[PDB]
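Okay, so here's the structure we're looking at.
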Amino acid sequence: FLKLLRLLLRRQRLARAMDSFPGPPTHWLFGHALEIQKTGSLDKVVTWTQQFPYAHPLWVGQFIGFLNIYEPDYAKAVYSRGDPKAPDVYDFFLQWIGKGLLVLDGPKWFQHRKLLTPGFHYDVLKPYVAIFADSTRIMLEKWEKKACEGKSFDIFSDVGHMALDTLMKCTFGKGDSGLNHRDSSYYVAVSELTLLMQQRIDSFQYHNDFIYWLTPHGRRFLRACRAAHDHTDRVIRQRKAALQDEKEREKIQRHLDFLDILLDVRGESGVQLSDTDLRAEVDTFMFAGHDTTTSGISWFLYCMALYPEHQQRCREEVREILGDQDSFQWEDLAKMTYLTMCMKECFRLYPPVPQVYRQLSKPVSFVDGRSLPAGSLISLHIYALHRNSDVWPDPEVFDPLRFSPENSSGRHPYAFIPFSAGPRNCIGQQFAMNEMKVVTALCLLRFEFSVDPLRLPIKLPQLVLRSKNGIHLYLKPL
Ligand code: HEM
Ligand SMILES: CCCCCCCC
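Numbering (the entry's author numbering), first residue to last: 21 to 273, 276 to 500.
Encoded structure:
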């Protein structure tokens, strides 16, 4: 009883705050869940976006109500203020990545953010360029054999194994050994975790913790959680043991990679992390550092396939930059200006993270006079934001030149936020951008990509942006 009364009072509170915001009709039980759970609901939200300027309410089951926002001023008003993440959504992370940097709020988040930000300084990243090329070459060898077999194949999983391996070699001290059967067990568990958690987000019956853990869904989730934790436990043990080597420990001790910072080599961290805190940050970054870039690369190579003229331009840019070099140098990534424009245009139409959430700790007033109070829930729809017609002429049209120096000089700084923005932006953005430029550059020099008209990708939200049917492409070796 006590709890049910509070539940209805919040229900009425959240609803009243959004009364100045008209929105689509709500089912009496599911709210908007039934539209959201359909294939294509990202595009149905885009249509709601045209019917309701700026923002519109959004309900999952008549108890939780978000304000879906999709206009730059509205995005800027919230995502510049470092309000906490929406606990109704991010609490589902807890059995999986825990209270790591993505879930933390408040001054503990800033401590860890201060702690981990040196791990992604460009001097730490320069050596990673060589690792990116090695791991890509391993993937491209597999691909030259499949290609000569004549059938189209899904590239997503191969890109993921490659991304996972390159993430661990770069930021977790993995040695030259490479992928092992156990690494694929981790990869498969993330699929299950992001599948199930995305469905929990859209399924209000699964919201209550007590109930969820009794369902087959929740038990499946907790089996996957343990599988992920077995992986991160080994990676941690392995690096503590490897630092017991005299040669190795002397060597590490100017700039430290991600996992060594956490392990507080050289004592300089100035913060003491619990084992819980440590594993949560490893869980968090092991996930965020490969799931996202897998989506980005895979969707990019799809966009290059859809648009061979752009693909050929990118192929010629990177070919001139490489010359007779054995491999690209960190300095070369800046010259890939046109590849970067296509990559941004890809992320506009195919954002690797299409939706994020906040819970306002303070009120906010928007550019049109409407406002919201503290305690309300914000749903940043990056997908619709990037297709906003008031901001992007011909939104569905792929045009890399949208991101030329001239055409972006007066860009609203919150129009194109695939890595978010404000204090809770992506810590890994330049790690990711660098990885993806090196991988896709080598991909284009080695293969020419075309789509499969029989198996065109369908967009599938899954925390990051996946495909219902993979990304099946045809490859020509060169
Ligand atoms: C294509 C690449 C990437 C995309 C699209 C992406 C997207 C995002 C987004 C949208 C956020 C905000 C989270 C929210 O609003 O809830 C974010 C934050 C973050 N990303 Fe990424 N990310 C990328 C690459 C990376 C990489 C490479 C790593 C790890 C090495 C990573 C780790 C994280 C973490 C830990 C945060 C939280 C930072 C904080 O709260 O201070 N991301 N990312
Ligand atoms: C609720 C969706 C958030 C996904 C964040 C992923 C961070 C890279």
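Ideal Cβ placement from N, Cα and C applies to all residues, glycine included.
The DSSP assignment places complete alpha helix (DSSP H) segments of no fewer than 4 residues inside the segment 359–394 at 359–371, in order along the chain. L25 and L482 have their alpha carbons spaced roughly 36 angstroms apart.
A direct Cα-to-Cα measurement between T315 and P395 gives close to 35 angstroms.
Looking at the DSSP output, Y496 bridges to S472. Per DSSP, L54 has no beta-bridge partner at all. Along the segment 318–363, the alpha helix (DSSP H) occurs as fully enclosed runs of 4 or more residues at 330–344, listed in sequence order.
By the criterion of a C-beta distance shorter than 6 angstroms, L476 is surrounded by no residue of its chain, once the five residues flanking it on both sides are discounted. Apart from the 5 residues on each side of it in sequence, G51 sits with its Cβ closer than 7 angstroms to the Cβ of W79, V80, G81 and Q82 in its chain, given in chain order. Sequence-distant partners of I151 (beyond 5 residues in either direction) whose C-beta falls short of 7 angstroms from its own C-beta, in its chain, are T186, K189 and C190. Between the segment 283–300 and the segment 447–466 there are fewer than three C-beta pairs closer than 8 angstroms, too few to call the two in contact.
Three or more Cβ pairs drawn from the segment 84–102 and the segment 377–395 lie within less than 8 angstroms of each other, which places the two stretches in contact. Of all C-beta pairs linking the segment 352–364 to the segment 67–76, fewer than three are shorter than 8 angstroms, placing the two stretches out of contact. Across the set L121, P127 and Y142, the C-alpha of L121 shows the shortest separation from the C-alpha of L136.
DSSP, read as helix, strand or coil, puts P138 in helix.
Of the heavy atoms belonging to ligand 1, none sits nearer than 6 angstroms to the Cβ of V98.
Between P499 and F469 the beta-carbon gap is near 6 angstroms, inside 8 angstroms, which marks them as a contact. Considered as a whole, the segment 54–78 harbours 61–71 as its complete alpha helix (DSSP H) runs of no fewer than 4 residues, in chain order. In the three-state reduction of the DSSP assignment, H434 falls in the coil class. The C-beta distance from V473 to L328 rounds to 6 angstroms, short enough to meet the 8 angstroms contact threshold. Closer than 6 angstroms to some heavy atom of ligand 2: that does not describe the Cβ of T67.
The DSSP-derived three-state label of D421 is coil. Here the segment 424–443 makes no contact with the segment 139–156; the two share fewer than three CB pairs at distances below 8 angstroms.
The bridge partners DSSP lists for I400 are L87 and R380. When DSSP states are grouped into helix, strand and coil, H249 belongs to the helix group. Taking 6 angstroms as the cut-off, the C-beta of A437 does not count as close to any heavy atom of ligand 1.
A check of alpha carbon separations from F420 across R33, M455 and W321 identifies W321 as the nearest.
Considering only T59, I283 and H181, the residue with the shortest C-alpha distance to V144 is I283. According to the DSSP assignment, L295 belongs to no alpha helix (DSSP H), since it is labelled neither H nor E.
Here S40 carries a coil assignment [DSSP, helix/strand/coil]. Residue state for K490 is assigned as coil, using DSSP reduced to three classes.
Taking a contact as a CB-CB distance under 8 angstroms, the pair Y206 and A244 does not count as one, their CB atoms being some 10 angstroms apart.
In this structure, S383 sits away from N88, with a CB-CB distance that is not shorter than 7 angstroms. Per DSSP, reduced to three states, the secondary structure at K260 is helical. The C-beta of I480 has fewer than 16 other C-beta atoms within 10 Å across all chains shown, which makes the residue exposed.
Taken through DSSP and simplified to helix, strand or coil, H201 comes out as helix.
Taking 7 angstroms as the cut-off, the Cβ atoms of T252 and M182 do not count as close.
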